[PDB]
K.L.:
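Questions regarding the structure given below will be posed in turn.
Below, chain A is the first sequence line, B the second, and so on; all start at residue 1. In what follows, every heavy atom counts, from backbone to side chain, and hydrogens, waters and symmetry copies are set aside.
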There are 4 protein chains.
Amino acid sequence: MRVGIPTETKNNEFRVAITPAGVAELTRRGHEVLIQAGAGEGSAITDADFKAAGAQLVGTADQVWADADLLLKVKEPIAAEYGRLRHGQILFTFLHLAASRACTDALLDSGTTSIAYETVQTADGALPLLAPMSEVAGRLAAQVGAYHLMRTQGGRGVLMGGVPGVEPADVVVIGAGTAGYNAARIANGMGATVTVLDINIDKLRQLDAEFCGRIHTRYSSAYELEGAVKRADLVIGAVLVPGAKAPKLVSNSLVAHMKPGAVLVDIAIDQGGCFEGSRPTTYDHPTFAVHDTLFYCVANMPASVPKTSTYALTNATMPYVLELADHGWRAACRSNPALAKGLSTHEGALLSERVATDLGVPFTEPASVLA
Amino acid sequence: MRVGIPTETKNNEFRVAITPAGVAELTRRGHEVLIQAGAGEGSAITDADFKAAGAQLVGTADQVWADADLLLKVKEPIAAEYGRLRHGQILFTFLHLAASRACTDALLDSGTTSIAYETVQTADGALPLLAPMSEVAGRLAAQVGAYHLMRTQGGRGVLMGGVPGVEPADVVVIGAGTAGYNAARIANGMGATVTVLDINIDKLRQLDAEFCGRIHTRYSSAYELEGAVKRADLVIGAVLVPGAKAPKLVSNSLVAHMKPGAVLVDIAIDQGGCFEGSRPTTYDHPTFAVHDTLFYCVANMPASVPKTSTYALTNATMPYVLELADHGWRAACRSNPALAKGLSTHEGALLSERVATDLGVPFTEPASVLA
Amino acid sequence: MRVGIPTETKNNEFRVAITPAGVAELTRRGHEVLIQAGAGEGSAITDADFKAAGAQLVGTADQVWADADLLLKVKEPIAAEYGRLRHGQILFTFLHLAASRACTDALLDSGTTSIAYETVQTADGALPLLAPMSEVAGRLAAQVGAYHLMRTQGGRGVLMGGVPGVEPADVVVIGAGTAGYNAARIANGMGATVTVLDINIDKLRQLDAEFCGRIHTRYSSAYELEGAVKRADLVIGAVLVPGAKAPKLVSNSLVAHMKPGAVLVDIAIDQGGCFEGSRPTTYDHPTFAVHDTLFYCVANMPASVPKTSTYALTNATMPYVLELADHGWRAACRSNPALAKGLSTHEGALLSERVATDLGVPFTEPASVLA
Amino acid sequence: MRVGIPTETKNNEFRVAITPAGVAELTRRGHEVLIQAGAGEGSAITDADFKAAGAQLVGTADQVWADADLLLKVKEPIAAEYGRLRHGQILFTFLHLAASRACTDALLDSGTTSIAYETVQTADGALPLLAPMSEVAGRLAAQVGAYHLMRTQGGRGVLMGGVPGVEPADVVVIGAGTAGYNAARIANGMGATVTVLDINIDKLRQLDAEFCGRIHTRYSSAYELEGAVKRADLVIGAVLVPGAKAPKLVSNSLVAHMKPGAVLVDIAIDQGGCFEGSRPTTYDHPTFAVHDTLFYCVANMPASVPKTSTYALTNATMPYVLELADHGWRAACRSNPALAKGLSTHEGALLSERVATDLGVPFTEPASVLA
Ligand SMILES: NC(=O)c1ccc[n+]([C@@H]2O[C@H](COP(=O)([O-])OP(=O)(O)OC[C@H]3O[C@@H](n4cnc5c(N)ncnc54)[C@H](O)[C@@H]3O)[C@@H](O)[C@H]2O)c1
Ligand SMILES: NC(=O)c1ccc[n+]([C@@H]2O[C@H](COP(=O)([O-])OP(=O)(O)OC[C@H]3O[C@@H](n4cnc5c(N)ncnc54)[C@H](O)[C@@H]3O)[C@@H](O)[C@H]2O)c1
Ligand SMILES: NC(=O)c1ccc[n+]([C@@H]2O[C@H](COP(=O)([O-])OP(=O)(O)OC[C@H]3O[C@@H](n4cnc5c(N)ncnc54)[C@H](O)[C@@H]3O)[C@@H](O)[C@H]2O)c1
Ligand SMILES: NC(=O)c1ccc[n+]([C@@H]2O[C@H](COP(=O)([O-])OP(=O)(O)OC[C@H]3O[C@@H](n4cnc5c(N)ncnc54)[C@H](O)[C@@H]3O)[C@@H](O)[C@H]2O)c1
């Protein structure tokens with residue numbers, strides 16, 4: 001089997017979907033690894049480091065996409081890449097299909113077989129391949145939120161943690177999962193007063209236990225959500241139902257009642273946004289205004305700390321990459337139920353129910369492709 | 001007596017030297033309070049809020065400077081203000097005289113009588129008027145340091161706290177006083193591994209006690225400083241000898257051997273900078289490069305979070321402002337040795353020994369002006 | 001049924017496989033309990049204490065081995081005990097068969113039926129009978145490691161926790177399971193800077209959550225493993241694949257590049273050792289040298305704190321002892337899949353797959369012995 | 001002035017009274033530094049390291065003692081060194097004179113001028129040169145106490161921290177000063193339940209605040225002392241009255257009522273011992289028995305971790321060494337009242353009142369030697 005990794009083309013995307021250690025393991029097992037030259041440059045991995053591990057460097061993107069049986073990526077295919085999608089080829093990357101009909105249609109029309117990092121799910125309900133990017137983004141959201149709270153950046157001009165005698169910032173985190181817990185933890189470490197909302201009370205119990213009383217928890221009812229968002233300096237949206245679109249929890253009329261200069265960071269923007277006003281932005285133009293608040297909506301957040309995120313991602317992905325490479329996609333998916341649950345696309349068939357329900361028709365096929 | 005507060009004119013300076021509560025106290029005691037129109041706008045204090053407390057609003061800066069016996073500021077007089085300096089007037093603000101020959105010269109030449117906030121010193125050695133601004137700055141340094149470590153900003157692209165399985169950022173703080181303790185505390189809260197250096201072992205003992213083992217402490221010898229700074233992702237300089245220039249502890253050749261994309265935040269920039277390459281910068285152009293590292297040297301740091309810092313500052317200054325207004329400068333200074341230590345300038349005489357020795361001649365007069 | 005407990009014969013083994021409370025439960029249910037006189041003396045349990053609970057005291061070891069249907073021990077049979085092994089007898093103890101061809105062969109040849117404490121495994125993957133001994137050994141490892149770091153015992157002469165102004169010891173723990181978590185917790189409590197490595201990222205996540213940032217986590221790749229071990233003063237090997245031999249993770253060539261006087265504690269020595277140079281030692285001669293480092297390799301660790309470890313063990317084992325005594329071995333194993341997983345040996349058949357593949361041939365039989 | 005450092009001669013004493021950084025400072029100021037060849041070897045400081053800093057290496061001890069105006073040591077002169085004591089020479093070291101009539105007499109008869117590290121005391125009551133050795137010894141006491149609690153070393157066989165479901169060791173620390181606070185902190189970090197006693201309630205308050213409820217505090221009356229010691233597994237004596245002999249707080253009759261295998265560590269053994277049965281031991285024979293308990297009585301404790309303790313000591317002593325070298329002993333003592341408090345001996349006169357009243361006659365002279 002032939003494994004390809006191309007350079008990420010999305011705006012400011014510095015991650016790469018493999019490191020030399022991973023190349024070494026693949027080649028040890030007799031697979032060939034093709035890598036677009038310069039693909040690891042964002043993450044400070046030279047073409048030479050890749051070579052030394054047994055990779056064949058290739059001059060252009062086109063030659064990675066043709067040739068490769070298993071295409072490993074970080075982000076979803078962008079428009080300019082739709083034409084590179086092949087019929088007898090496995091695509092393994094973050095897809096976020098429920099948020100992009102165009103990407104979904106491009107996968108279905110090309111007949112490619114695709115597996116989403118973010119829907120790979122173990123029996124206990126964890127998402128081990130999203131988890132590490134949720135950790136990075138949760139932590140990032142508190143830092144960038146803290147920074148944009150300065151007057152100098154258009155925020156209301158309060159210091160996260162206050163100083164003795166003077167009140168700290170008021171931070172609300174919607175969602176007590178991986179990203180939410182990490183956002184809350186960092187925000188609390190900077191001295192903010194932190195409140196997190198979720199519909200799952202057990203998630204609130206764990207948070208309550210972990211910090212004794214320090215992080216406040218509220219049940220995420222409409223009343224309770226409005227009360228907290230109204231008073232907040234910084235709101236972080238970190239909500240998920242694993243493969244689904246993402247509920248609109250904060251309306252524009254709500255934001256109209258917020259303190260001027262408040263900042264809202266929508267981690268749930270890949271996947272759709274959990275604020276009504278959310279729209280994907282980029283690291284070049286990260287923010288925009290909604291009634292006197294400032295919105296921060298970068299899809300692709302982990303990309304700005306590639307030294308951390310590249311390693312965090314590939315430590316998690318490799319064992320699945322190896323299962324795919326050794327056994328081919330079906331069989332890997334028959335042996336590994338968590339990998340099966342990541343199956344999204346095959347020969348024009350939409351294999352994920354949540355995506356299908358949210359996208360209107362398509363219509364599912366379950367996993368009678370697994371025969 | 002007549003108390004004047006003008007609008008701050010330094011770049012991006014949003015603080016104001018008094019709040020309504022302070023105005024009300026002054027007025028209740030029979031003093032007149034003159035305030036430049038719009039002085040509190042940066043801090044969200046309206047001209048109307050100031051009136052309600054008993055202040056006379058004045059259309060121009062010039063009328064505040066002429067007329068006021070006691071002039072309250074936040075920052076030092078800047079060049080455009082040198083001509084406003086008067087002979088029979090008390091100026092109470094942050095001066096940082098050892099770092100500016102020009103400003104010292106202008107104070108001497110005008111015959112003004114000046115008290116520096118930053119050299120008001122209690123018997124125990126504390127600096128109660130600097131302390132709140134060192135708190136804000138120390139906490140800001142960690143925040144802005146974390147942000148500039150993103151590849152997106154020119155930094156090396158590591159997340160402060162790392163994520164499980166991946167190392168965190170390596171933070172070194174030079175100086176374990178108010179600013180350095182606070183920078184250390186926030187850096188630690190964001191999950192960084194933190195080392196602080198000082199020549200004062202007792203300061204190191206306190207920090208060791210407060211965080212059990214969590215914050216590492218190193219005795220600040222040349223060898224220990226070089227070792228730590230070489231390995232650092234973020235270096236925060238927080239050194240002071242109370243009225244003095246500030247030693248150059250980190251040489252350019254040392255920074256030549258640092259990791260590419262490291263960031264150095266020099267909180268000791270007012271006062272002169274403790275890195276050899278430091279130079280005062282502004283919120284409009286905060287950073288610049290030195291051999292592949294990024295330097296951050298905003299004099300003026302607390303200005304960006306005025307909602308926090310204006311209150312933190314005036315909570316501390318008000319009792320001293322009251323002593324000055326009720327009794328006049330000599331007598332206030334005869335009564336309160338902490339105030340006497342802040343005496344910098346009177347009728348062409350330099351009253352501060354540290355400033356004097358550092359500025360070359362001038363030559364001290366001690367406080368036989370207190371008669 | 002008749003239950004026998006002999007005196008432990010291994011070097012410095014002070015534990016006993018049962019306490020008076022356990023004897024009393026067995027007796028209440030109509031079983032006979034035979035105990036070698038003096039078996040509880042290492043753990044401060046007198047012959048009289050055992051009598052009061054309903055035990056028959058027996059003068060010699062031989063009479064316990066013959067006579068007893070269920071033989072409860074703490075350690076594996078040693079060579080002088082091979083001749084005591086009988087055909088229609090249940091042996092329940094720590095076995096570690098993958099580390100001893102001889103002990104395995106002796107059980108096979110004797111036809112005895114044996115269940116290993118260390119492979120009794122519940123549905124969630126936990127090893128409830130190993131666990132309390134991993135807690136003791138993990139906590140012991142940090143203690144004894146701390147001690148042998150003194151120059152006086154051959155170590156490099158650094159204090160675990162340092163003192164303010166001076167760096168602490170650098171501790172690496174390989175394996176984030178029960179013993180690793182416990183070693184890290186105590187090492188950290190003593191002020192050391194602690195890094196733990198594992199291939200299981202979820203175990204890294206738990207450890208990151210429990211101590212906030214305080215215990216560092218590193219993904220266990222060969223590169224990360226080398227980096228960390230090279231810099232360490234104390235290395236603790238706590239790696240564990242349930243019934244298997246144990247990977248050699250630290251080569252002799254690697255130890256040759258370690259700081260002189262470093263100490264390596266191999267908790268995984270029962271089971272084979274995870275350092276290349278490891279070899280079982282005893283409490284009489286616990287350490288030996290390997291290239292200027294000091295190895296500590298006591299199989300048997302919990303034996304030195306029997307007041308703690310005898311109770312910790314028997315609190316966990318008793319419910320399983322009761323099921324075996326009441327129902328006999330098959331039936332107990334038919335009803336309790338956790339107990340079935342501990343089945344090692346019966347009438348010349350090796351019942352553990354991991355042991356079988358590690359020992360070369362033998363060849364498995366699965367549990368068609370359960371009929 | 002000429003400064004000499006000889007090799008420490010006490011049993012297992014691996015510390016050295018100076019480091020290369022200290023030699024370099026002395027040399028820079030125009031002083032001569034003479035060092036016995038091999039003096040730094042216990043602390044891994046080579047003869048070459050000392051040369052590079054400007055030191056003259058000397059072949060024998062005798063030549064350091066003759067020749068040197070200022071003689072810097074770590075331990076007190078031992079008997080084989082009494083003949084080396086000279087008239088016009090400053091001795092600066094740990095003395096513990098109230099515990100040795102012989103050493104005192106030898107200093108008196110020789111006419112030497114001696115300053116004790118342990119009685120150098122600042123205005124606030126702190127002992128800055130003792131302090132770093134009390135930190136090391138306090139942390140060591142918990143480590144070595146933990147170790148000797150193993151049955152394998154004669155202790156009762158309880159693990160410091162217990163394990164879930166089983167009780168931890170019960171630790172009592174007598175004295176809540178530097179060593180006591182440090183012993184408690186490490187004991188607690190290892191999971192023991194820790195009670196500390198002192199007659200100074202404010203020290204009890206500090207310790208209650210620092211650990212919230214976690215470290216128990218008891219007022220040290222005879223009733224409370226007996227109650228706590230009777231129930232303890234580990235007792236640490238850390239009591240300290242600055243220059244005095246040290247009260248016998250724990251009688252032999254009391255130890256007769258202790259649990260068998262209990263361990264008593266007498267940190268206050270330099271200075272005389274605070275247990276009736278205490279007697280100075282060495283690292284070669286650290287322990288002895290007293291009524292079924294085990295006593296640990298190493299005078300000299302910090303010597304086993306010289307990598308830590310040499311730096312901790314010399315970081316504190318250097319500024320005082322510099323004052324002595326530059327100005328000579330009187331003058332240094334006239335300028336620095338803290339140094340004056342360390343004055344012990346001059347031309348046959350005993351200058352310490354506490355030592356004098358404890359040793360019976362001698363008789364004080366105060367510091368009319370300072371003229
Ligand atoms: N592109 C990026 O920069 C990036 C990176 C990582 C994660 N994310 C996104 O962050 C979001 C959350 O990620 P995660 O891994 O923490 O998910 P998670 O599965 O761990 O947590 C989701 C949590 O949100 C909660 N939730 C669902 N509906 C809710 C509601 N109506 N009100 C309050 N809480 C609700 C759930 O109960 C759950 O506890 C996802 O949309 C994910 O895609 C984005
Ligand atoms: N303009 C601003 O944005 C701003 C605001 C606040 C404070 N500051 C500056 O921050 C600096 C720190 O102020 P602070 O209140 O924390 O001071 P502080 O007096 O409380 O502490 C300073 C510490 O530096 C240590 N130090 C002195 N010399 C040293 C050396 N050579 N090596 C290592 N440590 C040394 C001292 O021992 C002391 O503990 C000052 O320069 C102050 O002016 C700037
Ligand atoms: N005889 C004794 O004194 C004594 C007592 C108790 C336990 N032990 C030994 O301690 C060892 C650890 O036991 P435990 O109960 O903690 O086991 P555990 O299963 O709870 O955890 C072991 C950990 O090792 C990790 N691991 C496996 N392979 C790894 C790899 N190659 N790199 C890094 N990590 C890896 C696993 O992921 C797991 O998290 C076992 O060998 C056990 O027998 C010895
Ligand atoms: N040689 C060594 O290895 C070594 C090293 C360092 C310290 N020490 C010894 O440790 C002892 C403690 O030193 P330290 O630096 O912690 O002293 P310290 O002065 O900081 O504290 C000693 C404490 O003992 C308390 N104390 C005095 N009388 C008491 C009484 N009768 N009952 C209860 N508490 C009482 C004091 O109140 C004080 O808080 C000293 O003897 C010191 O010499 C030995």
K.L.:
Looking at A:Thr152, A:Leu159, A:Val158, A:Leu149, which one forms a side chain to side chain contact (heavy atoms under 4.5 Å, CB included) with B:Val305?
P.N.:
A:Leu159
K.L.:
Output the option from A:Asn182, A:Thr308, A:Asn188 having the highest count of non-hydrogen pairs under 4.5 Å with chain B.
P.N.:
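Looking at each option in turn, the highest pair count goes to A:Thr308.
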K.L.:
Does B:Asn12 reach the side chain of A:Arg151, with side-chain heavy atoms less than 4.5 Å apart?
P.N.:
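No, every pair of side-chain atoms sits at 4.5 Å or beyond.
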K.L.:
Do B:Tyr283 and A:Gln153 come within less than 4.5 Å of each other through their side chains, counting heavy atoms only?
P.N.:
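With C-beta onward as the side chain, the pair stays apart.
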K.L.:
Sort out for me which of B:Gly165, B:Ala44, B:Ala169, B:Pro164 touches chain A most, counting heavy-atom pairs under 4.5 Å.
P.N.:
B:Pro164
K.L.:
Please flag which part of A:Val144 lies under 4.5 Å from any non-hydrogen atom of chain B: side chain, backbone, both or neither.
P.N.:
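Contact with chain B: backbone and side chain both.
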K.L.:
Inspect the surroundings of NZ in B:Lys230 and state if more than 12 heavy atoms from other residues, nucleotides or ligands are less than 6.0 Å away.
P.N.:
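Incorrect, the count does not exceed 12.
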K.L.:
Whether the side chain of A:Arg139 engages the backbone of B:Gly162 through a donor-acceptor N/O pair (distance < 3.5 Å, no angle test) should be reported.
P.N.:
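The answer is yes, because a donor-acceptor pair under 3.5 Å joins these two groups.
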K.L.:
With the side chain counted from C-beta on, respond yes when B:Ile186 and A:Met160 share a heavy-atom pair under 4.5 Å apart, and no when they do not.
P.N.:
no
K.L.:
Below 4.5 Å, heavy-atom pairs only: which of A:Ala316, A:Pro168, A:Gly157 has the largest tally toward chain B?
P.N.:
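Among the listed options, the one with the most contacts to chain B is A:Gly157.
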K.L.:
Find the distance between NZ (A:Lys307) and CD (B:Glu167) and round it off to the nearest 0.5 Å.
P.N.:
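The distance works out to 8.0 Å.
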K.L.:
Kindly assign one of parallel, tilted or perpendicular to the pair A:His148 and B:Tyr147, based on the angle between their ring planes and the thresholds 30° and 60°.
P.N.:
perpendicular
K.L.:
Measure A:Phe14 against the heavy atoms of chain B and call it side chain, backbone, both or neither at under 4.5 Å.
P.N.:
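Side chain only.
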K.L.:
Side chain, backbone, both or neither: which part of B:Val136 has a non-hydrogen atom closer than 4.5 Å to chain A?
P.N.:
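Both parts, heavy atoms under 4.5 Å.
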